Every structure is written in structure tokens, then in C-alpha cells.
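Q:
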Amino acid sequence: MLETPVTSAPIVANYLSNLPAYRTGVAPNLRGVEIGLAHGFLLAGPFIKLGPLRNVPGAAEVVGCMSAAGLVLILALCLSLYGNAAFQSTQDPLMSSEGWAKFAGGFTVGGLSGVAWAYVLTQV
Amino acid sequence: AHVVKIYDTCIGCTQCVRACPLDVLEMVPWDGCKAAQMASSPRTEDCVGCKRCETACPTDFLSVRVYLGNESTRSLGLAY
Amino acid sequence: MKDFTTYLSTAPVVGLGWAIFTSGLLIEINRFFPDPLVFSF
Amino acid sequence: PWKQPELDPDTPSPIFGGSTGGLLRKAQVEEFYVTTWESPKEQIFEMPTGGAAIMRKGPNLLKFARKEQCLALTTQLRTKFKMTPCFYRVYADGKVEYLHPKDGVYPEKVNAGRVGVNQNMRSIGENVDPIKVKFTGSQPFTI
Amino acid sequence: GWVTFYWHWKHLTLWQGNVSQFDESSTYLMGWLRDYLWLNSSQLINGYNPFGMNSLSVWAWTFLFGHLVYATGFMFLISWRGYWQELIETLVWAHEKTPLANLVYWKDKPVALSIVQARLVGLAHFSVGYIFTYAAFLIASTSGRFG
Amino acid sequence: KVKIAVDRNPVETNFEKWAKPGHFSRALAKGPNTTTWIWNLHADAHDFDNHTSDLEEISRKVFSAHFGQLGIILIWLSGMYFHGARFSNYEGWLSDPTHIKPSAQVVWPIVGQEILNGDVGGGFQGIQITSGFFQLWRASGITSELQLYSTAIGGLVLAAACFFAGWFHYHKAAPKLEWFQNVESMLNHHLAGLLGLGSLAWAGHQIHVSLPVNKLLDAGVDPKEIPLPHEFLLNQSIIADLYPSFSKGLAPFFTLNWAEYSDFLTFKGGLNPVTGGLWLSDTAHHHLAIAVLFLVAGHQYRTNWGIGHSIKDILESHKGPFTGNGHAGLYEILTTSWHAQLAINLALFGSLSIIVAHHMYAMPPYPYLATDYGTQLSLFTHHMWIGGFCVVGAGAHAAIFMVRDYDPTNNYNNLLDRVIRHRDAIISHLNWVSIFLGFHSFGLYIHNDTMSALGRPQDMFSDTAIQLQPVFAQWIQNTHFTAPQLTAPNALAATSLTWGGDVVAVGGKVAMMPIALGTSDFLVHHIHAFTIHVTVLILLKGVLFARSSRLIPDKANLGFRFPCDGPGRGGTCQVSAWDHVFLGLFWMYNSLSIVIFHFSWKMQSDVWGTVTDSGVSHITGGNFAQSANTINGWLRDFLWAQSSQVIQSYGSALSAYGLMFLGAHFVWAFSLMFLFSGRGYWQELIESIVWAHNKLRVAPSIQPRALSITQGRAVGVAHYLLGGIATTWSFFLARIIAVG
Amino acid sequence: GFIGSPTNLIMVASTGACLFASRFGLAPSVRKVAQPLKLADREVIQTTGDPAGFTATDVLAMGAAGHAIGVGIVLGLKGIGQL
Ligand code: CLA
Ligand code: CLA
Ligand code: CLA
Ligand code: CLA
Ligand SMILES: CC1=C(/C=C/C(C)=C\C=C/C(C)=C/C=C/C=C(C)/C=C/C=C(C)/C=C/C2=C(C)CCCC2(C)C)C(C)(C)CCC1
Ligand SMILES: CC1=C(C/C=C(\C)CCC[C@H](C)CCC[C@H](C)CCCC(C)C)C(=O)c2ccccc2C1=O
Ligand code: SF4
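Residue numbers (PDB author numbering), protein chains in the order written: chain L, 56 to 145, 160 to 193; chain C, 2 to 81; chain J, 1 to 41; chain D, 51 to 193; chain B, 589 to 735; chain A, 12 to 751; chain K, 41 to 123.
Encoded structure:
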């Protein structure tokens, strides 16, 4: 109820409007793909930096990439669990059960694609 | 929700209803007391079990008793 | 006088008086009988 | 009272800014409570969900998420200005329930029209032991 | 704890051969704190250090672990329900009124733990920390200098 | 407009109310019937807001109580000076301050406690004092015991005068409410007279008395052969020989040629190499400048002569667009509510005490103060704890003001109303900040401990593996080391030795030296910030939710100090603002304990020690760079490596520290039964004891009852704080006296 | 201090300028109020023969201000090597 200049800013409003979570202009698969790509690309960062094999060149990036892929898979499993255990009962298709399942599938597809993209960028 | 039970030792002093912060008790006509009033709980589903009515009871032991159990959204005092 | 006496008749004041009396008695006993342990007349 | 009043959503709210401890998502999922009163003049009162507001000269309508907040506002208005307000409960489907003045005379009075329920007719301490009521689902105080 | 302190100190002084140390040291609590809880804990605390590590590193780690669970028991026993319930209400508002995170929701409303539940959780943390701390100290002191 | 308003004899000096214990409140006026009355007698004694609703009587009681506390303080100071006059070796300490320990408390040989009178040196036996009173008296020019005797007698006389003043200003001539409400006159007189005039008087004492005595003491002459301060005051030849500018005789002051005063009003920032303290000329010019600034500031507010500033006009004028009524109703709040002023005073007093502790360990403003490591450690810890207690009492009395003296009529859209209106966002953001700080500090510590126990020193957050160096603190240290070089060229050296430079040592012991900052220092500083943030969150949640909340909407009607609201809504135990302060007291204790542990370890490892020809050999050998990064390092290299002096102190003069250590452990453990448990168990136990005494017909007429839940919480937190404080006190003092 | 010294001359000039400012608008005084401009106020203190709002506290305040400005100017000019 308490409106604030930062919450009601038009720049903030249009920045949150075109986000994949609040766009409401596409299938949940595309939003999940974008979410997985972005979050996997950022999550690969701390893993290629400070892992136990960070002193060993070459293998550090590979180990961090598989750790990021495992974290992405764990997040996808928790997303699927939340979708199955949250929307099991009675206009946005994301809030639906199978819509959230498709969102989770897009999320894991985007996560592995972003992990592979981060591996390519670190190799180059 | 919780269970509010009122016994015949009540003197109809209306202190429990004034101490109630959720409007659970009420005063009904009676003949077993000098004040001709008896406490009732027609809205026990809204009681949270705060035991504020028991503090205001002037009689020895308690003429009104609150027993907790089977908490709900109204009984847990949740605004969410 | 009697109001001050009843103030002195209050429980903390007489407790303080007992405290000084008992502490002084035990301290003077310990001072004039340095470190005893066993009753030997 | 003689006739149960009907709430009016078009009644003006008291002059107030933005509240942080206001209605949450439970207001659009479960029931929420609405308090109405009749202020003869404009004055400043303290809400239980935040700071202070100013009521308008006329009908005044406020919304809360808890019945305890509604009764706290009711007793504050009765003790400070003798306002005698009344709050309804509105569910998600729009069902309106009259809550505080069930007979319109407030629970401090009697009105000789309320049937006393949940009243044990025995003295406290005369209840049976829990061994007497076992594997039955009936508490010693529920008989 | 008292009976195990007595058993451990008496038996340790018997195995070391310095029974006179226990005889002249268990009289006063400085002896209990220094000759038992401080003298015999030298090998325990040196399990891991910047110098290196000996075989009692796991015992030092679980000793600090037990002290930590003791502190969490103090947390769940000292503070009571009203403060945590109000804090949970504020966190509920924070989760409700945020972008990019209010899309998710809880199936069950988060509430503070019950007072009986709080007593049980504090008791469990207290006893777990007690058991782990004394087991660590006992095993590290009896095995670090004997066999 | 501003004038003295005094009522003549409103209260008669009669002992008729001393006989009745419960008289200030009508609840206790009926007499006692249970034992919980007695505690209620000792709990509502100073609750003057509950005794009467009249602000004038409350203000008169506050004035009288302040006079009584000043009398008590002056009695304590006079007793300290008397103990320094008679049962002390101050004259022996003046001959050789680097070899005779300061002692001012002597015990009576009664039951073997005469072993506490240790060999402090100078042919004296007593307890080694850590108050630093010897260094304060040396900084004040005190030489003989006659001056200490005169100061003690004057302190007793002024204490009696203040005690009579309290009696007079309450019973005989009681000021009215309009007299107390003149905040502009109070501020003007306090800025100009209480602070500025006292600063000028102390500056004049330093110029005319303290500087020549300190200069002659640093010259190495006999203190008995030092001329008396009145010889410097009257005869100008000695003061001209010691300082040629005194030969001018007030000429440069009234001719604006103040540079001629540069010989005895210096700017040589740093430590005096002779004594390891601050330069007395620098302190003289400092107090003179402070006096000038405060006399300037004391002519700011308008009282009776047209010119000046109006506090209400200033507060109402400072209103922005994002705040609505900016500082609108605060003038009426602070002129009617005593508790708001109490919160402000306690917060600023505690913060200033913390500042005093930090800037006193940094610059020792006393001769031979830094050499005495125990005095510096005790003073830092004492001011630290007093500041913490004051800043938690600030939150307590702010919550009391929120419950009692808050009026929604005067706060519609002002700043307090908007703070209440977004308190939930405030508490949520503070909770997130506290959780993030605790994670990224304590989890870092746990990470270091695990990777140390896993045999991975290269995976640790240490000074050798992962360099999380404090680049901002190091940059500030480097900039302040170059402060006299470019930005303050008139200073001879740096303002303190902590920024950098060389090592200043006195008598072979290092007085001050540069302090290096590493990853462990960053970790402990962020830990301190986290603990302060959590305590701030607790106290702010207590203050802002004192009136109402989502859980309890009518918390204001329940009062400030209530135990609970029953087990309803899941349970409302410890929901009051008083319980919030009771919870935050432990967090303040934990924060300040970690702070003083960091101070003691850091100054023992990287500051204190001895100075040999090879270099500076510290007390602990500088292990803080390698041991402070893990919890086990604090467990072993700080708590177990130290505290061996406390446990081995038996049979020596330090054995009282070990006994006090054991008693403090006892009180800390005994507090937990009040912190845990409840009331019904002890009530039924008391019922059983009542049955036992009724069998023997020795049941008291006053019914024994268990302590209240609020009372039990208060007893628990008080015994817990006392036990922890005395444990740290005994351990710190024994360690710093035996090895220091 | 010394009669004829530059410091004496400029501090006498500063004190006289402060007094002249207080006499005619300019510097705020006992009879001058408000933050942006100066508005007439009550006489507060009898001026004892002085025309307009010029009382004893006015000359005390503005003599103090003139001495402060003069000593600040003197020490600032001495710091920069000037008069
Ligand atoms: C420049 C004048 C002056 C001075 C020096 C003081 C000094 C003081 N005031 Mg006060 N005050 C003044 C004017 C002054 N006041 C005016 C004009 C008002 C009315 C608007 C007040 C209203 C006021 C209140 C409401 C309170 C104080 C309090 C205090 C004390 C603060 C505690 C402290 O710092 O301890 C410093 C202590 C010392 C330096 C020790 C020596 C103290 C000596 C005896 C005081 C001498 C100064 C005295 C004002 C001279 C006039 C009194 C004379 C008739 C004998 C302190 C003694 C507090 C108090 O009650 O404390 C008792 C308090 O609550 N003041
Ligand atoms: C509060 C602080 C303080 C005090 C008390 C003093 C006091 C003193 N200083 Mg110091 N001084 C100070 C601050 C202070 N100064 C500061 C800040 C500086 C700046 C650097 C100096 C710099 C300085 C220098 C350089 C010298 C002094 C000197 C002096 C002495 C000369 C006094 C004088 O002529 O002044 C003016 C004093 C009066 C006008 C007297 C006051 C009026 C009297 C009390 C009236 C009494 C009337 C009474 C009713 C009648 C008597 C009653 C009886 C019959 C019962 C004096 C002992 C000089 C010195 O020691 O040589 C002697 C000296 O060389 N001082
Ligand atoms: C500037 C100083 C100052 C002043 C003037 C006040 C004034 C007041 N406070 Mg505040 N307070 C302060 C500082 C101050 N406080 C600080 C620093 C704290 C934090 C510790 C608090 C915490 C606090 C709370 C939590 C409460 C108050 C309350 C009160 C009121 C009554 C106090 C009373 O009756 O106590 C009577 C005196 C006692 C109860 C004695 C206390 C003794 C303590 C517990 C133990 C002392 C240990 C001692 C150091 C060592 C003993 C060892 C032993 C072996 C002898 C009064 C308005 C109460 C109130 O109702 O406010 C309106 C209240 O609930 N205050
Ligand atoms: C050492 C014991 C301990 C610990 C860990 C905590 C932890 C906490 N308390 Mg505290 N508390 C304690 C004792 C303790 N308390 C005691 C004794 C009291 C009584 C005075 C209190 C009183 C108290 C109050 C009054 C408040 C807290 C708050 C908090 C929270 C602050 C979060 C934070 O900054 O750290 C983050 C948490 C940690 C660093 C925990 C350390 C454990 C590791 C490092 C985390 C990861 C563990 C592991 C890797 C994951 C395992 C996964 C799976 C196997 C389980 C957090 C939940 C505040 C709150 O609610 O939040 C702001 C608050 O208001 N507590
Ligand atoms: C025109 C006229 C006239 C004249 C007048 C005159 C001429 C006057 C003057 C006056 C004056 C001429 C005054 C002055 C004053 C001054 C002052 C008052 C100042 C100061 C003071 C002080 C005290 C100071 C201080 C200080 C110091 C020391 C340090 C710091 C700074 C300062 C400076 C602040 C006649 C009457 C004939 C006639 C009519 C008109
Ligand atoms: C133990 C306990 C009690 C019982 C404690 C009581 C009744 C207080 C007892 C105080 C005693 C009477 C103080 C005096 C003790 C000695 C008799 C005095 C000194 C004697 C020597 C000088 C000889 C509570 O009432 C309680 C309430 C709420 C939370 C926790 C607790 C709690 O832990
Ligand atoms: S408070 Fe007790 S006696 Fe009074 S009306 Fe209620 S049940 Fe009856």
C-alpha cells in the first residue's frame, strides 16, 4: 500500500515488465530457457574461480562446469518438486501445474546450455 | 479451534468479555447468580487462546477456561 | 524520632545491623584467634 | 440490532497515507475484515497496523487482515471518543458476515435474546478424570 | 557430567601414575578447572593448527562443533516465541511485497515454533552439544597420550 | 520570557513517609500481602512517570535524583583521592614509574588475605590498581600526598554541598515546569558554561600548573625538589625560565601575536618520547580551542535578548519533499517526554564512551600510561562496556517513550509517523543485512576451521592463501600517516602512532607502534559489524513494534513491561519491548566481548611487548596474523594460551583474580536457571515449601511467591551479564598483570 | 594591539563595519528577524537614547562578532604570510 519512488519508478516498472518472469507474452518453455541460460552463466562463475582444483590449470574450468551442471540439475529437481507439490489443486499459464513443469524443463535445458556456453567462453 | 468452557461459578461481572481482544464471550440472562448474567462463548472459532479472559476472572480458580488444540488460521493470529 | 525509629525498624535496616554485627563478631574472633580448625579447648 | 446493517464499499476511507502492516495476500485468498464507524467530526486516531490517520466527518471505512486489529480499533474508538463502530468479515467469494454487534447491543449487555452455548453446568474441578474418558474422542471439559 | 568428570580425572591420574595429583588437586575447583579441564585439553586443541595437523583433528573439530550446538541450544532456550513470531511476520511481508520472488508461495503459512516445541529443540541442541563436547574431550585426552 | 520559576516548600521534610516503604504509588500504598510486592517496591522506585501524571513533580524528582547521583559520584571520587593520599605509593611511583606498579588498595590481615598485598615496589604492599589514577594525577601536576588529601576533602565538601543542593532544590525551592522546559537556555548554559568554561578552566590549569610540573618531571629532577604550583602561579621568574613567552606576561594574547605562545602551546602531534604520553602543551591548546569553540556555540539559541536561533523554528523549517512534515512535532516531543531525552542522552553518551575508549587506546593522554599495559586494557574494556550499556539503555528508554509518551495527535505525517509506517520494511532489510553479514563472516570462520581440519591451508581465508586484505582501512592508514606531510603541514608528526611511523618505547617496554591490518583483522571487524547490526535490529524491532504489531494489535494498552499475552496465536512469550531489550542485552554482551577479545589479542600480539636491541619482542609473538583466522585459534592461541596466569595465580597476590574468575563462572551458570524454566514450577515448589512451613507453624504472614516472568528474565540477564563481565575482567586483569 | 599596526587598523575597521551593518539593516540584530530577509520586531530592550533598534545586547553581540572576525582575519593573513 505504501508507494515508494523506487518501487513505482517508470524505469523500474519497464525493467521488470520485459523480464522473462513478468513478460506474459510467451510460452513457459522460452522463459525457462532464458532463466536457465542466465542463471547457469552466472552460477558457473564462482565455480571456475575458487573450487578445490583452482590451482590446477585446465581441469579447474571443467570441474567447475560439471559442478555448475550438477547445481543446475539440483535446482531443476527442486523446481519440478515445487511445481508438483504446489499447483496440484485448482490466466497465467506459468501458475499452472503442467505450465510449471514445462518451465522446469526449459530451466534445465537452459541451464545445461548456459553451462556449455560458459565452458566455451572460458576455453576461448 | 480452541475450546472455551464457562462454569456455573461465574458471577456475571462482564470482566472476561471486556478483557477479550477478539469478541468471543457474551452475556446471557441467568438465574444462578445475583447479577442474573452468565458468560457464553458463541464465537469460539475466533478465539486464539490468549487467556486474557482468565486474568480478569475475579472468582477463585476460574469460571472460564480456555483449552488449546487444533490451531487454524484464525486461531494462530495470522494476518497472512 | 519515632518515624526515624520505624524507618530503622524496617527489614533492610535491621538486616544491615545484623550483617555488621555478625561480620564484626566473626572478624574479631578470627583476628584474636588466628586460623583455628579443630576445637581443642 | 433490529435490522442488520449492510456495508457500503463506497464510504470514504479516513485520511491516511500508505500502510506497511496492511492487508497481505490473505486478503485476496481468504477473508478480510472491514470496520465502519460514523465520525461526527474530523480527528486523529491511531491505527493498530501502523501510525496515525485522520477520520472524515461522516461514514468511515477501514480494512484489516485480522479480527483482533478490528476489535482493538473498535475498543480504542469506544474508549477515546465513544464511537460505537462495527466490523464485517468478507470472504474471497464476497460473503459478508456480521461479527461484533451480533444483537446490536454489544456483548457487555445482555438484551435477553442470546442463548448461552458452550456452558458447562457443573462446577470446575468436578470434571471427570482423563482415564474415565479414554479412546472415545471426548474431552473431560466437553461433556 | 559430574560423575564422568570424576571417573575420567581419577582414571587418567591412575593411568599416568600421578594419583597424588588427583588426591591433592580434586579438593579445590581450581584443580578441577586447571589440572583436568585445562591440562588434559592441550592435545585436544592442537588437533589442527597453522603449524599442521595430528590424528586428533577430528576430535578438535567435533569439540568446537559441540560448543556450537551448545550455543544454539542457548539460542532456542533463552529467546521465546513473540520476537520470532513478529520477525516471521516481517519476513512474510518482505516475501509478499518483493518483485521477482512473490511469484512463488508457501503451501503452509510459516509460523514460529511452539513454546513446548522450542523447549524440546533447545533441549535437543543442548544435549547434543553436551554429548559431542564431552565425547570429543574424553577421547582426545585418553587416546592422544595413551594406546 | 525565560525566567526562574520556583515554588517555595512544596514538600515538607518529614520522616513519616520513610516508615511506609510503599508510598509513591497507590498500588503499593495498601501495604504488602505477597513477596512479589517487595520486588515491586524495588522495581518501581525510580518509575516517576507511573507515580504521578504531573510533569512538574516528575521533573523535580529528576533534578533531585541527578543531584543525588552527582553527590554519589563526588563521594566516590573523594574516596579515590583519599585512598591515593593514604593507602598508596604514589610518591614512590613518582620517583620511578617504570619499575613500581601503581597500588592504591591495601587489605587487612585477617584470614590470610594479606597475601593479596603484593610486592608492587617502592617499599609498599597492596593491590596493583588498573584505574590509571596515578597517571591522571601525574598529568594534573599532583606531587605530594597533601594535594591528594586536599582534593579528597574538597570532593567530600562538594559532595555534601550537592546532597544539600538536591534536598534544597526538591523540598525547599522546587523549580516549576516552565523552568525545565527552557531548552534553549539549558543548551546555551551547558555549551558555554558546563563544557566550555570547564574546558577553559582545565586549559588554564594545564598551562599554569600541569605543564611546568610535567616538564620538570620529564627533566628527571626530584619531585620533592619540584616547586609548588603556587610558586609558578605567583612568581613569574620560574615560569619565564621554563617558558620564555611567559616573560611577555599576557602581551601576545591581547596583541593577537599568538605565535609567540608556540613554545608552551605546541602542535607536535604524537607521543612524548620521555614518558610515552601525549604532549601536555598539545592538550593545553586543545582544551583552549575546545573552550573557544564551545563559548562560540553557546551563543546560538535565543533565550531573552531577541538574537539567537529558535529550536522549534529550525526543526519546522527543515522539511523535505520525500519526508512530508520534516521534524515537525519533535520539539513538542522532546520538551514534554523525559524518556525521549533519556534515549538521546544514553545513545550519545554510550557512543562517546566508545569513542573515548578507541581514542584513548590509540593516543594515551597521560604520562607513563602506555607502558602500563594493564591500565590501558582495563580502561578500554571499562569504557567499552559502559558505552554498550548506555546504548542499550537508549533503546530501552526509546521503547518506553514509544509505549508511554507517544501521542498520535501530534504525529500525523511527521518523521516518527513515517518511521512507524515503514517499520516492517526497516526490520526486514535489517534482518537481511544481519543474516548476510553473519553468513559472510561466521561462515568464513567455519570455512577456515574446516579447511584447516581438512588439511587444506591453501583453501583458507588467511594472510597467505586468499588475500582478503582491508584495502580501505590500509588506504586510510596510509593517508593519515601522510596527514602531517601535505594536508596538515603545521603538525610536527602524525596525529597517532597507529597509522604508521616508528616505535616509541619507555623503560624497555613499547609504548606505541604501528599496527598492521590483515585478513584476520578484516574478519573480526566484519564480525563486530555483524554483531552490532544484529543488536541494532533487536533493539529497533523492540522500539518500533512497542505499540502494535501484526501479531498483537493492542500492545500499547498492555504497557511497556509485560511478560506475555498468553499462549495464544501459537504463543506470545517475550513479545514486549522490555523483553526485546532483555534479549538484545545478551547480543550487546557478545558483541563487546568479541570486541575486547580482538583488542586484547591484537595489542598483545602486534602492539605490546618489550624492546630489545634486535627488535620488538611481543607478548604472544604476533600469532594474530596466523591464529585469529579460525575459531580454534581463539580457542587455543588466545583463550588457552592465555588464562594460564589466572589458573596458576593461587598462592600469589593474583589469587583473588582466580577466585573472582570462579565466582563469575558460578554466577554465569546460576543465571541460566532464571533464563530458562518459567514460573509455575517454582510456584508449585514454593507451595510445597509453604506446606512444609505450615506443618511446623512457621508460615510467614507475607505469602511467598515465585518471581515474575519479567522479574525472572531480569534476574537471569543481570546475573548472566555480571558473570560474563566479571569473568572477562578477572581473566584480562590476571593475564595482563602476570605477564605484562 | 599596537596603535597604528595593520592588525589594529583592520580589526577596528571590521568592528566598525559590523556596528554599521547592525545599525542599518544588513546584519541581523535584536529588531531584525526571519531567515531570508530582515523584518522589524519588538524593541525588547530600551535603547537608552539610541535611535532605532540598537540596545546594549546589540552592541555586545556585534562587538563580539567584530572581534571574532578580526582575529580570524589576522590569523588567516598571518598564516598566508600577509598582514
Ligand atoms: C552555565 C551554567 C550552568 C552550569 C555550569 C550547569 C551545570 C550542570 N547542570 Mg544545569 N542548567 C542551567 C545552567 C547551568 N547548569 C540552566 C540555566 C538551566 C535551566 C534552563 C539548567 C537546567 C539543568 C537541568 C534540568 C539539569 C542540569 C544539570 C546539570 C549538571 C549536569 C551534570 C554534569 O555535567 O555534571 C557536572 C558536575 C560538576 C562539574 C560538579 C560540580 C557541580 C557544581 C556544584 C555546579 C556549579 C554550577 C552551578 C550551575 C552554579 C549555580 C548554582 C549556584 C546557585 C550555587 C551540571 C552540574 C542536571 C542535574 O540536575 O545535575 C545535578 C539536570 O538534570 N541543568
Ligand atoms: C581559567 C583559566 C586561567 C586562569 C585562572 C589564569 C590565571 C592567571 N594566568 Mg593565565 N592563561 C590562560 C588561562 C588562565 N589564566 C590562557 C588560556 C592563556 C593563553 C595561553 C594564559 C596565558 C598566561 C600567561 C602568558 C601568563 C598568565 C598569567 C596568569 C596570572 C595573571 C592573572 C591576570 O592578570 O589576569 C587578569 C586577572 C584579573 C583582572 C583579576 C580578576 C579580578 C579580581 C579577582 C577581582 C577581585 C575583587 C574582589 C571583590 C576583591 C577581593 C576580595 C577580598 C577583599 C576578600 C593568573 C594566575 C601570567 C602570570 O602568571 O604572571 C603573573 C602570565 O605570565 N597566563
Ligand atoms: C542515564 C541513566 C538512566 C536513567 C536516569 C534511567 C532511568 C529509568 N530507567 Mg533506565 N536504563 C539505563 C539507564 C538509565 N535509566 C541503562 C543504561 C539501561 C540498560 C542496562 C536501562 C534499562 C532500563 C530498563 C530495562 C528499564 C529501565 C527503567 C527505568 C526507570 C526506573 C528505573 C528503576 O526503578 O530502577 C530501580 C533500580 C533497580 C531495579 C536496581 C537495578 C540493579 C541492577 C539490576 C543490578 C545492579 C548490579 C550492580 C552493578 C552490581 C551488584 C553486585 C552485587 C553483588 C551487589 C527510570 C525511568 C524501567 C522502567 O519502567 O522505565 C520507565 C525499565 O523497565 N531502564
Ligand atoms: C553459535 C550459535 C548461534 C548461531 C549460529 C545463531 C544463528 C542465528 N541467530 Mg542467534 N542467538 C544465539 C546463538 C546463535 N544464533 C544465542 C545464544 C542467543 C541468545 C541471546 C541468540 C539470539 C538471537 C536473536 C535475538 C536473533 C538471533 C538471530 C540469528 C540469525 C542471524 C543469522 C546470521 O547472521 O548468521 C547466519 C547463520 C549462521 C552463520 C549459522 C552458522 C552455521 C553455518 C556457518 C551455516 C551453514 C551450515 C552448513 C554449511 C549447512 C548445512 C546444511 C544441512 C546439512 C543442514 C541466525 C539464525 C537473529 C535473526 O533472527 O536473524 C537476523 C535475531 O534477531 N539470535
Ligand atoms: C556612535 C555613538 C557612540 C559611540 C559608541 C562606540 C564607539 C561604541 C563602541 C563599542 C565597542 C567598541 C564595543 C566592543 C565590544 C567588543 C567585544 C564584546 C568583543 C570581544 C569579546 C570577547 C570576550 C572576545 C573573545 C574572543 C577570544 C578571547 C578568543 C576567541 C575569539 C574571540 C574574539 C571571540 C557614542 C556613545 C559616543 C555616541 C552615540 C553613538
Ligand atoms: C529459581 C527461580 C525462581 C525462584 C526464586 C525465588 C523465589 C527468588 C528467591 C530470592 C531469595 C529469597 C534471595 C535471598 C537469598 C538469601 C536468603 C539471602 C542471603 C543469605 C546469606 C546472607 C546468609 C523464580 O521464581 C523464577 C521465576 C521466573 C523465571 C525463573 C525463575 C527461577 O529460576
Ligand atoms: S470474568 Fe469470570 S465471573 Fe466475570 S463474567 Fe467472565 S466468567 Fe463470569
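Where is the CB? At the ideal position from N, CA and C, for every residue including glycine.
How is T621/A classed by DSSP in three states: helix, strand or coil?
A: Note: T621/A maps to strand in three-state DSSP.
Q: Say yes only if the C-beta of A680/A is nearer than 7 Å to one or more non-hydrogen atoms of ligand 3, and no if none qualify.
A: no
Q: Going by C-alpha distance, which of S507/A, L555/A, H320/A is nearest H408/A?
A: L555/A
Q: In chain order, what residues of the region 575-590 of chain A put their CB closer than 9 Å to some CB of chain L?
A: Legend: CB atoms of the region 575-590 of chain A lying less than 9 Å from CB atoms of chain L are not found in any residue.
Q: Cα separation between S559/A and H182/A?
A: Near 40 Å, if we compare the C-alpha coordinates of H182/A and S559/A.
Q: Grouping DSSP H, G and I as helix and E and B as strand, with all else coil, what is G33/C?
A: coil
Q: Assuming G288/A and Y384/A are in contact, meaning their beta carbons sit under 8 Å apart, how far apart are those beta carbons, in whole angstroms?
A: About 14 Å; that fails the 8 Å criterion.
Q: Output needed in chain order: residues of the region 2-24 of chain J with a Cβ under 7 Å from some Cβ in chain A.
A: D3, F4, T6, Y7, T10
Q: What does the alpha-carbon distance come out to for the pair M28/C and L665/B?
A: 41 Å
Q: Please compile the residues from chain A whose C-beta is within a distance smaller than 9 Å of the C-beta of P65/L.
A: Near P65/L there are no residues of chain A at all, since even the closest Cβ is about 17 Å away, more than 9 Å.
Q: Hey, which unbroken runs of the alpha helix (DSSP H) at 4 residues or more fall wholly within the region 224-305 of chain A?
A: 240-245, 247-253, 262-265
Q: Please list, in chain order, the chain B residues whose beta carbon lies closer than 9 Å to that of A140/L.
A: Here the neighbours are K695.
Q: Tell me whether the region 690-709 of chain B and the region 146-157 of chain A touch, counting them as touching only if at least three CB pairs, one residue from each stretch, are closer than 8 Å.
A: Contact between the region 690-709 of chain B and the region 146-157 of chain A is absent: fewer than three C-beta pairs spanning the two stretches fall below 8 Å.
Q: Here's the rule: buried if 16 or more other CB atoms are within 10 angstroms of the residue's CB, otherwise exposed. What is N634/B?
A: buried
Q: Counting contacts by CB-CB distance shorter than 8 Å, is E677/B in contact with chain C?
A: yes
Q: From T286/A, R708/A, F174/A, pick the residue whose C-alpha is nearest to that of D229/A; which is it?
A: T286/A
Q: For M641/B, write down the residues that DSSP places opposite it in a beta bridge.
A: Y636/B
Q: What is the DSSP secondary structure of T85/D, counted as helix, strand or coil?
A: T85/D falls in the strand class under three-state DSSP.
Q: Which bits of chain A does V84/K rub up against, with CB to CB less than 8 Å?
A: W316, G317
Q: Taking 7 Å as the line, does the beta carbon of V65/C fall inside it for any heavy atom of ligand 7?
A: The nearest non-hydrogen atom of ligand 7 is less than 7 Å from the C-beta of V65/C.
Q: Interface residues of chain D around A436/A at Cβ under 7 Å?
A: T70
Q: Is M171/D close to chain C, meaning its C-beta is less than 8 Å from at least one C-beta of that chain?
A: yes
Q: Is any non-hydrogen atom of ligand 7 found closer than 7 Å to the C-beta of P62/D, if you look at the structure I gave you?
A: no
Q: I want to see whether chain B comes within less than 8 Å of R75/D, judged by CB atoms only; does it?
A: yes
Q: With a threshold of 7 Å, establish whether the CB of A725/A neighbours any heavy atom of ligand 6.
A: no
Q: Any C-beta of chain D sitting closer than 8 Å to the C-beta of residue 768/A?
A: Since the first residue shown for chain A is 12 and the last is 751, residue 768/A is missing from the structure and cannot be characterised.
Q: As an exercise, report each continuous alpha helix (DSSP H) stretch of at least 4 residues that is fully enclosed by the region 314-343 of chain A, in chain order.
A: Counting only runs of 4+ residues, the alpha helix (DSSP H) found wholly inside the region 314-343 of chain A occupies 322-328, in chain order.
Q: Which bits of chain C does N110/D rub up against, with CB to CB less than 8 Å?
A: Within chain C, no residue comes near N110/D; the closest Cβ sits about 20 Å away, beyond 8 Å.
Q: Quick check: the region 722-730 of chain B against the region 596-606 of chain B, are at least 3 beta-carbon pairs closer than 8 Å?
A: Yes: at least three Cβ pairs fall under 8 Å.
Q: My understanding is that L92/L touches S182/L, with C-beta atoms under 8 Å, so please give their C-beta distance in whole angstroms.
A: 6 Å
Q: Smallest Cα separation from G175/L: which of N69/L, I66/L, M56/L, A76/L?
A: For the residues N69/L, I66/L, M56/L, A76/L, the minimum Cα distance to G175/L belongs to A76/L.
Q: Among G454/A, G449/A, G620/A, which has the Cα closest to the Cα of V514/A?
A: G620/A
Q: Can you pull the chain A neighbours of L57/L, defined as C-beta to C-beta under 7 Å?
A: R432, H433
Q: Let me make sure I understand the geometry here. Which of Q496/A, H110/A, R467/A, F492/A has the alpha-carbon closest to that of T509/A?
A: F492/A
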